[PDB]
Amino acid sequence: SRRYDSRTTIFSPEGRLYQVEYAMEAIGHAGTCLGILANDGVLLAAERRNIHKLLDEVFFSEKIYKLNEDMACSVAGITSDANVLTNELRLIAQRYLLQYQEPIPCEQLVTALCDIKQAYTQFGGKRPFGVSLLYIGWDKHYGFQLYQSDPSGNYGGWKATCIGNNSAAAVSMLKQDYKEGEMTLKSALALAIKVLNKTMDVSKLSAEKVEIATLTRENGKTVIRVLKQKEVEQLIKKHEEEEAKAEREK
Amino acid sequence: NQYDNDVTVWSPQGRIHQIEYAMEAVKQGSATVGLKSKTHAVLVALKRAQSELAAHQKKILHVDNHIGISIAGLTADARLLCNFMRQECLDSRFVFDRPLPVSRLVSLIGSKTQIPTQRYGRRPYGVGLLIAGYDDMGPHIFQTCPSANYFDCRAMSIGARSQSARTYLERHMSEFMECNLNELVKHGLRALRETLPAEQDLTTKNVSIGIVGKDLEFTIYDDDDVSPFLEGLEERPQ
Amino acid sequence: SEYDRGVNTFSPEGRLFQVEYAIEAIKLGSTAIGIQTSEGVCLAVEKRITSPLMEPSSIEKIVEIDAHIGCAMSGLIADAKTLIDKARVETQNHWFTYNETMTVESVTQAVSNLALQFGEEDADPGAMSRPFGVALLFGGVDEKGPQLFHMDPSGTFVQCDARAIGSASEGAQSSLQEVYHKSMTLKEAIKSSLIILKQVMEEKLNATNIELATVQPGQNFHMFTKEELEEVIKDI
Amino acid sequence: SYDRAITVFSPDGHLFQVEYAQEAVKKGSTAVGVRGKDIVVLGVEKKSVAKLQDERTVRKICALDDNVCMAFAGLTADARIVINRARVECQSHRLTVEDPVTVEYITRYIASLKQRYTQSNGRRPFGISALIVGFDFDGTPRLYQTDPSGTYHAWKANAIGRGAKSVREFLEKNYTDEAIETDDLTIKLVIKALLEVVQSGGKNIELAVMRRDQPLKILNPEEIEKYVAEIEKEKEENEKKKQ
Amino acid sequence: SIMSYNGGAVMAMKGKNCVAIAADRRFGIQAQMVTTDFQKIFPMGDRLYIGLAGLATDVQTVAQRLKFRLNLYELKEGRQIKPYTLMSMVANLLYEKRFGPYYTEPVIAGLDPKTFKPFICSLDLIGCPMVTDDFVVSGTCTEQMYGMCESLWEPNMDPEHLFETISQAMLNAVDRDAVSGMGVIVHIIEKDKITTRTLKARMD
Amino acid sequence: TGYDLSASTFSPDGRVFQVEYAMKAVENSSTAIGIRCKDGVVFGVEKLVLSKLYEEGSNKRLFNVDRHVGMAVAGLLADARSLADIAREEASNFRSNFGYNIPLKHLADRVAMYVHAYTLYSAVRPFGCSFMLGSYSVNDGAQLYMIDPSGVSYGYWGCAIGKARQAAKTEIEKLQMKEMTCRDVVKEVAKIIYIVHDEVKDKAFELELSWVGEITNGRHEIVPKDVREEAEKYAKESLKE
Amino acid sequence: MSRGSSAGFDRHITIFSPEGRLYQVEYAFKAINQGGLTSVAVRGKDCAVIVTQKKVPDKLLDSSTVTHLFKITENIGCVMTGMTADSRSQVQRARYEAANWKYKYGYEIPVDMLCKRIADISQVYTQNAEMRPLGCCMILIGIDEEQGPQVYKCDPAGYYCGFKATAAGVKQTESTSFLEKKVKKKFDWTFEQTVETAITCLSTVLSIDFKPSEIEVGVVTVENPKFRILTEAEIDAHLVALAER
Amino acid sequence: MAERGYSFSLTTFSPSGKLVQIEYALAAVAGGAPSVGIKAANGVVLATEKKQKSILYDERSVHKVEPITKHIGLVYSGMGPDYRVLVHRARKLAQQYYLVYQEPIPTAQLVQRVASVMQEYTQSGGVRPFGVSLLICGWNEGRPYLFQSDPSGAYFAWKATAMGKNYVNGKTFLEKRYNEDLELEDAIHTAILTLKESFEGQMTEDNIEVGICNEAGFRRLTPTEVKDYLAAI
């Protein structure tokens, strides 16, 4: 019994947690998830790893999950662990709504899920959840928000961030191109399309390989909608036209 | 090797090494001698001190009015077993209003100590006991081992360098039965002295005596009550 | 490397590995000296200050178990906190049940009964996974007069006329052996303990470098203040 | 029902898991706390600023109650768990004792929790060190530091995290009664201690300030820049006068 | 006698292609009125409503727990619940407390999604469903409501006739009950709109 | 190669080596024999005495499991005592539930299942003892069973467990026990025990005898001293040629 | 991966090998052959027969207690091949399951359902690492009111199936080939023909002449659904009727 | 005897970020018998091969295509007893859903629940992941469904897919042969052809197991229907 144990929740001689680092490697192997926060909303952009001719139509989204009326999330890593974490997130949101009769603030939900992650990474002898999450939502305290959570249990708020494949290059591109305080929904969508175009080098940018959802406020209500294929095709066409014009001017 | 770290692992030779290591733990302890006559059971234990300023470690403990024990090995295990035996004696006197027979208490001790030697993550009790009791069957001397095996002994010695004491007891076992109290205690003291170094001699500091009998409840003599028994002893035969 | 064996395996020599390793860990602690005389028991511990910014008053190496018992610890202090709490709770429970103060030996026995209560299997969650890495020195006054007891992680506890625990215990014990005599007085005991502590301590002895406490018949557990310590160390 | 003994002794007489937790603390950002006469200042270095991170959600300094706040170095999630437990403890103590906790009480609770995690089956020790600071009911400033092993001491000034040795040496050479005469001097001392380990001249520095019977005050970047400018002016004046 | 502690009355009626749900607005303890705008009808969908009569605390508790379960259901299934499925879920929720029952008798009125077929039902305090085709009533004045509805209800009523019938039934039923009234709110659920009205009622 | 450390592990050749090591532990113990005659069962144990200090009768290897059931053991004595406790509990529970004395076959099956339950998991260790169960009743007759550390239970006409069981089996095979009474079987058992004992290898031993049959009204008990002395003198006189 | 590839502890606990195999289950299958006996079950048009070889190496052993044939209910019988203690434990479990089924559902368990339950228990053994799979094989025999005679076998892997004829033990491959030959030329089998087929299959795969004390036969028939073990007289009569031809 | 199972995970992360136990279970699945599932316009067809190693096996005793509810079917590739356990748990989950909501469970919900069970066995302590992949067909609201659940606990909605041995070749064959607006009979013929692509020997009405799900519900094809369809090819 003690000889088959792998000691998942023990420190390393360097002070490291090896299983958490390996889960982070798994996150790096996953598809690209992108989130950009604007003045009038916040969006998620994900690369669809489930591409195939014989795959059936997805119901709502491959990797973007609605958590409650005011929040949505995107996942990168192990799919089934992501399903478990999204179910837990929905449960926590509904429990807060039951207790206070108000929607949960985004950071409280992220904190609860990160507490679950840390509890897995500290005790129990079980492997950690190999999922990184991107959270977008709106609440009455801080407005539009964007958070990122790691398998280690850490989290933080961002104006723009990227997880998954080629996350570092996308982060550098966002640092170069994101203008804090001046982004709108259209500018954020164009930036997301450009970032996905540079990051998704192996596959040409087509509407069937990209999942985009936006979160807006309309007459005091939160609207979380996934862009239709024609809208993403028009966005890709606009980006291509801008690329052509920039090439011609130079 | 790979067979000496768990008590649930048999060796290819048919042995369990953890039990033998606990027996070694018992052998590391200081010597104690138990012997009985037709009417008395006597435990003599050679106490040891960590330094010149440290008091000698307790070796003889009270269990009931008719049962006393001397220990060798891990003292925490000895205290655990002593508390268990005290609870058994108290339960017997509560339920049946009679002293618990010594043999039944020893059977309970063996049954309790057998369990840790067959379960993963547990260890044998690294302590050996010498039990002196008096009941309807007369005096009794019992010896328990970490192997959960117990013996009914005419006389016994456990601890460090106990072989010489056992040899002396083998020599005088014929004389033990008809001896009176003082002769029995002197025999036990001589046997205990046989385990001492050449320079070391018995004295009122390192000697403790436990006596039980028909009309005598179990009693321990520690510092100045030892002297009447010690006085009258002869020079070391060498 | 440390996980191939359980916490409760005997060595071929008949010793628990974890208990011996705890004994080895004791030697990394600061030196504590306890002397038991006919007028009381004196306890002295080296504080081992590491930085000038560290307040010496925040180091509690001598604690009050009860009004008539004190405890000096060496090794892992955080491990000793739970043992001290258990001792205090036991004394208060005994007072509640029997309307009297505990003897020092009974308190030491109650604390020592916790030493080997560790293990992996057949145990509830939250139980000790390893033995305590701290040796304690219990000094108090009961109906038997002043008494000093020493406890170690193996669970053994013995009465001592004078003893030292910690890194320089071997050197201090020899010094305690020569100076100690049965008819020693409390002043002589305190002076000898301070002399031995000064001899064994690396840093120069002063008021802030050491803790001193005494228990006397009719006098509660008293921790020497800075002025009393400076008075005692005036002659050395 | 996982009941493995993670933290065990070693032949040298050491607890390897606790040492590895201390090493994990050694990889964290530097946190500096200084106990002044009527103020207490905490300063935590930021290892990296991405220009897109939300600063509000990565604050390493937090308040445990109205009179006690703490800063940490190590693993952020373990520190979050410890902070939540300490907050619950403060509320429960106010419930059952009808008085705010003393700084020493909550430091004792946190240290006891860490020690429990160093000796209980099926779990590893917390890889954080904390700088608990605050004011007593009498008004005495109090500064405490905890470590993964569960031991705590009171300090006049201390530093944890990476590069803590150099900051501790600087504080030892620089902590004086003339250096904490006013709140400004204490803040400047904290910033100077942080500045040698940190780079960019005060951009990667977070300050929090607590006064007697006052809520914890976080310093905005403009105040930090002003204090850095004051420190630079003082240093240049001293250099131009003495040399 | 626990059910009459707070009073209240809820009524649901079926039309040709629409449903109506009505309730009184009084909140009171025994014979004392506290507020005149208590909510007893709760939306459970675009065209789905539930009316709860009984203990006001149990009304609120059941409504909130039903909202919990319904939100989880609609997040998991990605669709809106059908009224029959909502009735089954309410029955399960009420029967889970079979030995600690909530003191509420729910009334469900709605249109079936993708069909817009009117649905009404009532449940007992431990979750026994009763799907009818004309009307369901609940509260402290069930006999008066039964008389009014049995007399006035007709099949295949247009939303205007349905509104008039349910409003007259509720008004005349609560005018004969001491611990009910102080206002009536009526929801008319059509396939394209939902109309909410408050009736001119007695306030004694 | 690591296949012999746990009972929950098979070897590549389909063997559980921990059970075989427990059997080896049994093979190192002194020999105990049991013979089922036409009207009873007689047990005989070569009880090795390891010290002259031990009292006579110490470490008895014959047990009373029920009023009518006797137990002879070989191997680790603590394991044997635990198994005797288990058998006593089983017999007592059977009498409590069903209201009569447990049949020997059922008791043997229950105790064998308990023994086999310790050969499946890594959390426990297989028992290091084998034992024989003997009984007699008017309805059922004489029955003799033996259980090995693996948990296999069989009925026997003559059994032997311990250091010298092949030679003891050879000696038993010469007996026509199916037509003999208990009185002759006691002498035969004593003779076999004296034959298989090794004087040079083992210095001294005690002869432990017990029986159950119609001579004891279906009650297992220690053989009386007169019969024991007669059997011992017969064995000693037969040993010399 | 590679044909003999192994990684980690896949040879010691029931975890997957790099090719997706479970070595401990195969080692349990070898533990079945460790017993050294072979049993054969044959299904007739109206009867089912189990025949196993009986070994009594020593005369001191009581032959009446050395049996591998067991009855689970009045109408179901089984033969066990492999480790004796494992076989007895599995027989006890099967009896408990059948009795519980009758208690809970009010009618006797079908043979297929009992085999399925035993196979589920064995699968639970194959999926958890704390315990060892049983090194035994169970062949179930019974009459079903709709389908007639039933022959069902379960293995340590958690696999069960119904058979027209089956074998288990050291010589189960040769017995399987012989039964394949005898069933391909399918002529309708009576009770006598079924018993003869089973006995002659065992004899020819052991290449020995059989005595009534060297085999054990249990049967169920449509006329007499109760499971019964043939005495030595009936086995001797069958053996003589076989030996004349 | 002890009932204490292991409380530590047997599936852990590799330095490269992989869970190798899941990949080994997937290899076990890939070594299994071929299984084919095609979604047509009016229904779904699940086809698999069940060839016995001997003629002594009773073909009608044990089935590989199993019904979960009146409208949901199941087929697998991998280890049979694991499939039996998953079938039992799926039936129990469907019955619990029907008890709670009094309507037949949608196919997607049952797929999610079974995937959750498989994830539990992937992460929980002292157990190994299942060595099976499941093909699940259902009919809800006049709409056919076809899902594939892998040992890791992930599920995918499919139009046509293959599992087991030679499943890449079967996938290519389905890709070149499958088209939308297909009828159920054409889907059955395509599934049988996909099975024949990797089949060795002669395929008979008892060599393969075919189940269909449509508006009438899910049912297993009798061997006579399978024989007629085989004769049609």
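A, B, ... follow the sequence lines: proteins, then strands. Residue 1 opens every chain. Hydrogens, waters and symmetry mates are skipped; everything else that's a heavy atom, side chains included, is used.
No donor-acceptor pair closer than 3.5 Å links the side chain of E180(A) to the backbone N or O of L52(D). Panel note: side chain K51(D), backbone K175(A); a donor-acceptor pair is recorded below 3.5 Å. For the pair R80(D) (side chain) and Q118(A) (backbone), a donor-acceptor distance under 3.5 Å is absent.
Atom OH of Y155(A) is separated from atom OG1 of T76(D) by 10.5 Å, given to the nearest 0.5 angstrom. Distance CG/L75(D) to CG/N154(A): 8.0 Å, rounded to 0.5 Å. Here the straight-line distance linking atom OG1 of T121(A) with atom CZ of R124(D) works out to 5.5 Å at 0.5 Å rounding.
Within a 6.0 Å radius of CZ in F123(A), other residues, nucleotides and ligands contribute 12 heavy atoms or fewer. In this structure, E242(A) places its CD atom where only 12 or fewer heavy-atom neighbours from other residues, nucleotides or ligands lie under 6.0 Å away. Within 6.0 Å of CG in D213(D) there are 12 or fewer heavy atoms belonging to other residues, nucleotides or ligands. At most 12 heavy atoms of other shown residues, nucleotides or ligands fall within 6.0 angstrom of atom NZ in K186(A). For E14(A), the CD atom is densely surrounded, since the number of other residues' heavy atoms within 6.0 Å is greater than 12. Summarising the local packing, NZ of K226(D) is surrounded by more than 12 heavy atoms from other residues, nucleotides or ligands at distances under 6.0 Å.
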For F11(A) and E23(D), run side-chain contact (heavy atoms from CB on, under 4.5 Å): C-alpha distance rounded to whole Å, both residues' side-chain angles, the deciding distance at 0.1 Å, then the answer. CA-CA 10 Å; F11(A) 279 109; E23(D) 296 199 26; over 6 Å; no

For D115(A) and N84(D): C-alpha separation, side-chain torsions, deciding distance, then whether side-chain contact (heavy atoms from CB on, under 4.5 Å) applies. CA-CA 10 Å; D115(A) 295 355; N84(D) 282 324; 4.2 Å; yes

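There is no contact between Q148(A) and chain D, counting heavy-atom distances below 4.5 Å. Both the backbone and the side chain of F126(D) come within contact range of chain A, judged by heavy atoms closer than 4.5 Å. The contact between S152(A) and chain D is made entirely by backbone atoms, counting heavy-atom distances below 4.5 Å. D150(A) does not touch chain D: none of its heavy atoms, backbone or side chain, sits under 4.5 Å away. Both the backbone and the side chain of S1(A) come within contact range of chain D, judged by heavy atoms closer than 4.5 Å. Interface residue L174(A): backbone and side-chain heavy atoms are both found under 4.5 Å from chain D. With a threshold of 4.5 angstrom between heavy atoms, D3(D) does not approach chain A through any atom at all.
When each of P125(D), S1(D), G122(D) is checked for heavy-atom pairs under 4.5 Å with chain A, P125(D) comes out on top. Interface summary for chain D: among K159(A), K126(A), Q122(A), the most heavy-atom pairs under 4.5 angstrom belong to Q122(A).
Between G15(A) and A24(D), the closest heavy-atom pair is O-CB, 3.3 Å. Shortest non-hydrogen contact noted between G124(A) and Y2(D) is O-CB, 3.3 Å.
Proximity of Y20(D) to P13(A): side-chain heavy atoms (C-beta onward) are separated by under 4.5 Å at one or more points. Using a 4.5 Å cut-off on side-chain heavy atoms (C-beta onward), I10(A) and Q17(D) make contact. Looking at heavy atoms from C-beta onward, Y142(A) lies in side-chain contact with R56(D) at the 4.5 angstrom threshold.
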